[PDB]
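Take a look at this single chain, the form deposited in one PDB entry, given in structure tokens.
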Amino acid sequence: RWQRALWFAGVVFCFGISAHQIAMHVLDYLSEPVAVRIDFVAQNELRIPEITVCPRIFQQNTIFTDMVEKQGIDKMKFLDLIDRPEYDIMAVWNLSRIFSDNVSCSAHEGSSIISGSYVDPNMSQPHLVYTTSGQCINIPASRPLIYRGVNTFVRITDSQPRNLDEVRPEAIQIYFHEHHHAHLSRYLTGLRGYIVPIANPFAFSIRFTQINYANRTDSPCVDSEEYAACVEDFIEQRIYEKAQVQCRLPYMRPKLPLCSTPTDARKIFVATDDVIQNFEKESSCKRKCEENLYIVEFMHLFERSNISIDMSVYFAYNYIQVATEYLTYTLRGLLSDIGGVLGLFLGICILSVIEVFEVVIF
């Protein structure tokens, strides 16, 4: 009657409400949330980002646009050089070289009260690499620099004749990146790189900022190497099935031969443009787990020296800011919260339920 019906109403209310927090909690766990922890890691071992230094983009490299303009053709159709036998595609892209074999890079990873900074030229030296911007110089930047103050930098230097033998380069295309399945150097140096002058001995300063992501079903991060493989493979696949040529330009993996004819080379170069401009959206592999960010500011520093190209890249801050996305609702939290909901919207305990089941079997 009255009392039993009201007891039934109370029990149904408690169960239904206790079925509205457990159901919501399980739905929350299924669509797992993610919070962000930000830390400031002070490390006395800074990992130099790989530096790709290119000319301007062929048509703006007023080294290449001069030699090409000497052969009866002009920048715009610079790729027609391949028509005549004595010019091949590799020669054309060597024609944009603005560096000179003696390109060095020292590591000034400290200072002293005598003899100023501590010079260390033993770090991996630059090597030439073919990029869509021409023939660039890539700094391996293999080992990490010991952070011994704000005067901790890498000085890249080139000493080609600075006299009136030819028009001299005005700009260079810097690009800071990471290693291995080279597409950052070979494709994206023209786009993501800073165009800076070389009239004066410039200086960069770089702060590091890592953005770690949480690997989860609805947004799976893939470590850097496989992301680079995804991006480069997609880029070349779209480049080949966009001109049907089945050939490569000097900035592409040695998969198929170098088609030495302007028409074919023109198709590949234009397809390269189209793909690299918008490879971000039509790719499939999502962001990396680790997302390094080099906040590159400009500093005046030291003073000048008479030399062709001087580039001091400073790392005056050792506090690499890390921002990590993480799973904030692991299963243990779900179990504990379900226990809490049952225990504070009902009378059920775990030992209570086990004893009830024991009584079930008597």
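Sequential numbering from 1, following the sequence displayed. What we label the rigid core is the largest C-alpha set whose atoms superpose within 1.5 Å from one form to the other.
Another form, the form deposited in another entry, is not on view; read the next lines as being about it.
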Given a core-based superposition, decide whether the C-alpha of residue 241 shifts by 2 Å or more between this form and the one not shown.
no
Indicate whether residue 337 shows a C-alpha shift of 2 Å or more between this form and the one not shown, with the rigid core used for the fit.
yes
With a threshold of 2 Å on the C-alpha, tell me if residue 121 counts as moved between this form and the one not shown once the core is superposed.
no
Is the CA-CA spacing of residue 180 and residue 210 tighter or wider in the other form than here, given a 3 Å or more change?
closer
Specify closer or farther for residue 292 and residue 179: how their Cα atoms are spaced in the other form versus the shown form, given a shift of 3 angstroms or more.
closer
